[PDB]
>>> print(open('final14.tsv').read())   # TSV, C-alpha atoms
chain	number	residue	atom	x	y	z
M	2	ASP	CA	19.15	3.99	11.46
M	3	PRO	CA	21.77	5.43	13.87
M	4	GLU	CA	20.27	8.93	13.61
M	5	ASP	CA	16.86	7.86	14.93
M	6	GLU	CA	18.63	5.95	17.70
M	7	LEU	CA	20.65	9.04	18.62
M	8	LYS	CA	17.49	11.16	18.77
M	9	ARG	CA	15.98	8.36	20.87
M	10	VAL	CA	18.84	8.55	23.37
M	11	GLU	CA	18.59	12.35	23.40
M	12	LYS	CA	14.86	12.15	24.08
M	13	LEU	CA	15.53	9.72	26.92
M	14	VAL	CA	18.06	12.15	28.38
M	15	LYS	CA	15.63	15.08	28.13
M	16	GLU	CA	12.86	12.96	29.66
M	17	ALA	CA	15.16	11.95	32.52
M	18	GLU	CA	16.19	15.56	33.16
M	19	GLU	CA	12.52	16.53	33.29
M	20	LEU	CA	11.82	13.64	35.65
M	21	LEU	CA	14.56	15.08	37.85
M	22	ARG	CA	13.16	18.60	37.51
M	23	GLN	CA	9.70	17.43	38.56
M	24	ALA	CA	11.31	15.32	41.29
M	25	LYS	CA	12.83	18.48	42.75
M	26	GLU	CA	9.63	20.44	42.13
M	27	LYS	CA	7.06	18.28	43.94
M	28	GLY	CA	9.62	16.42	46.06
M	29	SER	CA	9.09	12.94	44.65
M	30	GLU	CA	11.57	10.14	45.35
M	31	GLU	CA	10.06	7.78	42.78
M	32	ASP	CA	10.46	10.41	40.06
M	33	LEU	CA	14.11	10.62	41.08
M	34	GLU	CA	14.56	6.84	40.92
M	35	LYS	CA	12.86	6.54	37.52
M	36	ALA	CA	14.99	9.49	36.40
M	37	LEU	CA	18.07	7.50	37.40
M	38	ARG	CA	16.74	4.46	35.53
M	39	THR	CA	15.84	6.52	32.46
M	40	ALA	CA	19.32	8.05	32.37
M	41	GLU	CA	20.92	4.62	32.73
M	42	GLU	CA	18.81	3.28	29.85
M	43	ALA	CA	19.85	6.29	27.78
M	44	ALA	CA	23.51	5.52	28.49
M	45	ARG	CA	22.97	1.85	27.60
M	46	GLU	CA	21.34	2.62	24.25
M	47	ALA	CA	24.03	5.22	23.60
M	48	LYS	CA	26.79	2.67	24.16
M	49	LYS	CA	24.96	0.28	21.84
M	50	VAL	CA	24.88	2.99	19.16
M	51	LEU	CA	28.62	3.49	19.70
M	52	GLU	CA	29.22	-0.25	19.36
M	53	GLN	CA	27.35	-0.44	16.06
M	54	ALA	CA	29.15	2.74	14.96
M	55	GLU	CA	32.44	0.92	15.48
M	56	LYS	CA	31.39	-1.80	13.04
M	57	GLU	CA	29.80	0.62	10.57
M	58	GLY	CA	32.88	2.81	10.91
M	59	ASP	CA	31.15	6.15	11.43
M	60	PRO	CA	33.20	8.33	13.83
M	61	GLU	CA	30.58	11.11	14.02
M	62	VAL	CA	27.77	8.88	15.30
M	63	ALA	CA	30.22	7.36	17.77
M	64	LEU	CA	31.28	10.78	19.05
M	65	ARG	CA	27.67	11.90	19.44
M	66	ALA	CA	26.87	8.68	21.31
M	67	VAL	CA	29.79	9.03	23.72
M	68	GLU	CA	29.19	12.72	24.44
M	69	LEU	CA	25.59	11.66	25.10
M	70	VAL	CA	27.05	9.17	27.58
M	71	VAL	CA	28.95	12.06	29.17
M	72	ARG	CA	25.68	14.00	29.29
M	73	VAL	CA	24.09	11.06	31.10
M	74	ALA	CA	27.03	10.97	33.53
M	75	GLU	CA	26.69	14.66	34.41
M	76	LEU	CA	22.97	14.06	34.85
M	77	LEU	CA	23.73	11.20	37.24
M	78	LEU	CA	26.04	13.51	39.19
M	79	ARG	CA	23.20	16.03	39.51
M	80	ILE	CA	20.78	13.29	40.56
M	81	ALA	CA	23.42	12.19	43.07
M	82	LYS	CA	23.84	15.66	44.61
M	83	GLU	CA	20.06	16.07	44.82
M	84	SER	CA	19.39	12.63	46.34
M	85	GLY	CA	22.48	12.67	48.54
M	86	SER	CA	22.76	8.98	47.69
M	87	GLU	CA	26.21	7.41	47.73
M	88	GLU	CA	25.03	4.68	45.36
M	89	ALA	CA	23.84	7.09	42.66
M	90	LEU	CA	27.12	8.98	43.00
M	91	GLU	CA	29.03	5.73	42.52
M	92	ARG	CA	26.93	5.04	39.41
M	93	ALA	CA	27.81	8.51	38.12
M	94	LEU	CA	31.47	7.68	38.74
M	95	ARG	CA	31.15	4.40	36.82
M	96	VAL	CA	29.38	6.00	33.86
M	97	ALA	CA	32.06	8.72	33.74
M	98	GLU	CA	34.90	6.18	33.86
M	99	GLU	CA	33.19	4.30	31.03
M	100	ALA	CA	32.69	7.51	29.05
M	101	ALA	CA	36.45	8.05	29.22
M	102	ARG	CA	37.52	4.77	27.60
M	103	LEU	CA	34.60	4.97	25.16
M	104	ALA	CA	35.83	8.40	24.10
M	105	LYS	CA	39.25	6.81	23.63
M	106	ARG	CA	37.59	4.20	21.40
M	107	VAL	CA	36.09	7.08	19.41
M	108	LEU	CA	39.60	8.53	19.14
M	109	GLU	CA	41.14	5.33	17.79
M	110	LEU	CA	38.17	4.84	15.46
M	111	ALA	CA	38.82	8.35	14.14
M	112	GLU	CA	42.48	7.47	13.65
M	113	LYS	CA	41.44	4.37	11.72
M	114	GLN	CA	39.01	6.34	9.55
M	115	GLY	CA	41.45	9.25	9.31
M	116	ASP	CA	39.26	11.91	10.92
M	117	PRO	CA	41.35	14.52	12.82
M	118	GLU	CA	38.40	16.70	13.86
M	119	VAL	CA	36.46	13.85	15.47
M	120	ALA	CA	39.62	12.72	17.26
M	121	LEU	CA	40.20	16.25	18.56
M	122	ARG	CA	36.62	16.49	19.81
M	123	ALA	CA	37.13	13.06	21.36
M	124	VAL	CA	40.12	14.30	23.34
M	125	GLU	CA	38.17	17.40	24.37
M	126	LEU	CA	35.48	14.98	25.51
M	127	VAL	CA	38.04	13.06	27.56
M	128	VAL	CA	38.97	16.38	29.16
M	129	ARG	CA	35.30	17.00	29.96
M	130	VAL	CA	35.24	13.53	31.51
M	131	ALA	CA	38.29	14.47	33.59
M	132	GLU	CA	36.60	17.64	34.84
M	133	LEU	CA	33.46	15.64	35.61
M	134	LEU	CA	35.52	13.12	37.58
M	135	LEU	CA	37.00	16.10	39.40
M	136	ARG	CA	33.50	17.29	40.33
M	137	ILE	CA	32.55	13.80	41.51
M	138	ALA	CA	35.77	13.76	43.51
M	139	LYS	CA	34.75	17.07	45.08
M	140	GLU	CA	31.29	15.80	46.00
M	141	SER	CA	32.33	12.37	47.29
M	142	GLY	CA	35.66	13.28	48.88
M	143	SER	CA	37.13	10.06	47.52
M	144	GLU	CA	40.87	10.19	46.87
M	145	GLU	CA	40.52	7.45	44.25
M	146	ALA	CA	38.18	9.68	42.25
M	147	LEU	CA	40.83	12.41	42.26
M	148	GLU	CA	43.56	9.97	41.22
M	149	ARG	CA	41.33	8.78	38.39
M	150	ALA	CA	40.59	12.41	37.51
M	151	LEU	CA	44.23	13.49	37.17
M	152	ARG	CA	45.05	10.21	35.41
M	153	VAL	CA	42.33	10.77	32.79
M	154	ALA	CA	43.44	14.40	32.40
M	155	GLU	CA	47.09	13.61	31.67
M	156	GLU	CA	45.86	10.73	29.49
M	157	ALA	CA	43.87	13.17	27.35
M	158	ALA	CA	46.90	15.46	27.23
M	159	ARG	CA	48.88	12.49	25.93
M	160	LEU	CA	46.27	11.50	23.33
M	161	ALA	CA	46.39	15.07	22.05
M	162	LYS	CA	49.88	14.18	20.80
M	163	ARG	CA	48.40	11.32	18.76
M	164	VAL	CA	45.78	13.71	17.39
M	165	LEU	CA	48.60	16.08	16.44
M	166	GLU	CA	50.34	13.17	14.71
M	167	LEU	CA	47.22	12.41	12.69
M	168	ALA	CA	46.89	16.10	11.84
M	169	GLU	CA	50.48	16.36	10.61
M	170	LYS	CA	49.97	13.08	8.76
M	171	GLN	CA	47.03	14.49	6.82
M	172	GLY	CA	48.61	17.95	6.78
M	173	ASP	CA	46.12	19.88	8.91
M	174	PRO	CA	48.05	22.57	10.87
M	175	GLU	CA	44.85	24.01	12.37
M	176	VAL	CA	43.81	20.80	14.13
M	177	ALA	CA	47.37	20.34	15.38
M	178	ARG	CA	47.57	23.87	16.77
M	179	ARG	CA	44.17	23.45	18.41
M	180	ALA	CA	45.48	20.17	19.83
M	181	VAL	CA	48.38	22.10	21.35
M	182	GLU	CA	45.81	24.51	22.77
M	183	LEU	CA	44.15	21.41	24.22
M	184	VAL	CA	47.43	20.29	25.79
M	185	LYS	CA	47.97	23.69	27.39
M	186	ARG	CA	44.32	23.57	28.45
M	187	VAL	CA	45.00	20.36	30.36
M	188	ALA	CA	48.13	22.03	31.70
M	189	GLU	CA	46.06	24.95	33.00
M	190	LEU	CA	43.60	22.52	34.58
M	191	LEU	CA	46.32	20.59	36.42
M	192	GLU	CA	47.81	23.93	37.46
M	193	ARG	CA	44.48	25.03	38.93
M	194	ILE	CA	44.06	21.72	40.76
M	195	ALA	CA	47.62	22.10	42.04
M	196	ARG	CA	46.78	25.60	43.25
M	197	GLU	CA	43.56	24.87	45.13
M	198	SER	CA	44.07	21.27	46.27
M	199	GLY	CA	47.84	21.56	46.73
M	200	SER	CA	48.09	18.04	45.32
M	201	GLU	CA	51.47	16.31	45.14
M	202	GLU	CA	50.67	14.64	41.81
M	203	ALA	CA	49.01	17.63	40.16
M	204	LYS	CA	52.26	19.61	40.14
M	205	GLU	CA	54.33	16.84	38.54
M	206	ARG	CA	51.65	15.99	35.98
M	207	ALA	CA	51.34	19.69	35.14
M	208	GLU	CA	55.11	19.83	34.61
M	209	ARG	CA	55.00	16.82	32.27
M	210	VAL	CA	52.10	18.27	30.28
M	211	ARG	CA	53.84	21.65	30.05
M	212	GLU	CA	56.95	19.93	28.69
M	213	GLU	CA	54.76	18.10	26.17
M	214	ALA	CA	53.19	21.37	25.01
M	215	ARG	CA	56.67	22.89	24.86
M	216	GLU	CA	57.71	20.17	22.42
M	217	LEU	CA	54.46	20.10	20.44
M	218	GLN	CA	54.65	23.85	19.88
M	219	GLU	CA	58.01	23.34	18.19
M	220	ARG	CA	56.58	20.43	16.21
M	221	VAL	CA	53.63	22.46	14.92
M	222	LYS	CA	56.11	25.25	14.18
M	223	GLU	CA	58.11	22.76	12.11
M	224	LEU	CA	54.91	21.73	10.32
M	225	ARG	CA	53.94	25.30	9.42
M	226	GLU	CA	57.47	26.22	8.35
M	227	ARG	CA	57.46	23.51	5.68
>>> encode(input="final14.tsv", output="structure tokens")
Amino acid sequence: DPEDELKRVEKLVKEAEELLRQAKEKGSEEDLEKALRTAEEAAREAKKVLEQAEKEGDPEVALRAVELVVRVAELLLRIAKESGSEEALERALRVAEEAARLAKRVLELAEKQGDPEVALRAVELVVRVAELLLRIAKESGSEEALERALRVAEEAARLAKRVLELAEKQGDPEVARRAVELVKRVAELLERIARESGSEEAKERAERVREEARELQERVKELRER
């Protein structure tokens, strides 16, 4: 039963977070390590649940699993920052990068099963992954992490178009409009990154995304007019 497995993963996540909390409390390194391990196991089981959800064809279970993976990734970032370990930070990076493409798999599964809401939430999840990658980029100072961040961001912005296409295919103006709000959300993110980091890529990507939202607004307008 996928539900029991999901609650299992959730319990593992909670347990890991409490292992981290105690690790900070009494200053235990072993608690920190076993917290890392617990989180990793949680992510593993979560990905397994996703993989069986692909075969079973349940988009909801998949989405829950992948956002649980994102949860695990954030947790690994926190564990990183607390431990000051480069290795744990790298693991957080890896789990985030995985969470991205897994969220994309949730998106395409939703498109196959014809579920606009789950696809939308999947794109939002990809955005969360992008922000997370941005945080990891901030902590590590790695340029590659920033590149990956922006890349994932604009990627989500682009998938939002596909979500809009599904929405206008099933005739759901609300999901499409919210998808446009998602596009302009990504736009605002890239704009912020361009403001603070003065990045060369952030500006261009923000321009592209803004153009995309400019078109998609007219498309949704067309959808609501008829």
>>> closest_residue(input="final14.tsv", among="M:162, M:196, M:170, M:105", to="residue 182 (chain M)", atoms="all atoms listed in the file")
M:162
>>> closest_atom_pairs(input="final14.tsv", of="region 118-148 of chain M", to="region 107-113 of chain M", cutoff="8 Å", atoms="all atoms listed in the file", output="tab-separated table")
residue	atom	partner	partner_atom	distance
M:119	CA	M:111	CA	6.1
M:120	CA	M:108	CA	4.6
M:121	CA	M:108	CA	7.8
M:123	CA	M:108	CA	5.6
M:124	CA	M:108	CA	7.2
>>> write_last_selection(input="final14.tsv", atoms="C-alpha atoms", output="mmCIF file, in the coordinates of the input")
data_model
loop_
_atom_site.group_PDB
_atom_site.id
_atom_site.type_symbol
_atom_site.label_atom_id
_atom_site.label_comp_id
_atom_site.auth_asym_id
_atom_site.auth_seq_id
_atom_site.Cartn_x
_atom_site.Cartn_y
_atom_site.Cartn_z
ATOM 1 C CA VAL M 119 36.460 13.850 15.470
ATOM 2 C CA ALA M 120 39.620 12.720 17.260
ATOM 3 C CA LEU M 121 40.200 16.250 18.560
ATOM 4 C CA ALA M 123 37.130 13.060 21.360
ATOM 5 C CA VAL M 124 40.120 14.300 23.340
#
>>> closest_residue(input="final14.tsv", among="M:19, M:42, M:219, M:148", to="residue 80 (chain M)", atoms="all atoms listed in the file")
M:19
>>> atom_distance(input="final14.tsv", atom1="CA of residue 76 (chain M)", atom2="CA of residue 160 (chain M)")
26.1 Å
>>> atom_distance(input="final14.tsv", atom1="CA of residue 106 (chain M)", atom2="CA of residue 7 (chain M)")
17.8 Å
>>> closest_residue(input="final14.tsv", among="M:17, M:177, M:158, M:127", to="residue 222 (chain M)", atoms="all atoms listed in the file")
M:177
>>> atom_distance(input="final14.tsv", atom1="CA of residue 221 (chain M)", atom2="CA of residue 101 (chain M)")
26.6 Å
>>> closest_residue(input="final14.tsv", among="M:128, M:47, M:194, M:74", to="residue 62 (chain M)", atoms="all atoms listed in the file")
M:47
>>> closest_residue(input="final14.tsv", among="M:153, M:203, M:181, M:89", to="residue 141 (chain M)", atoms="all atoms listed in the file")
M:89
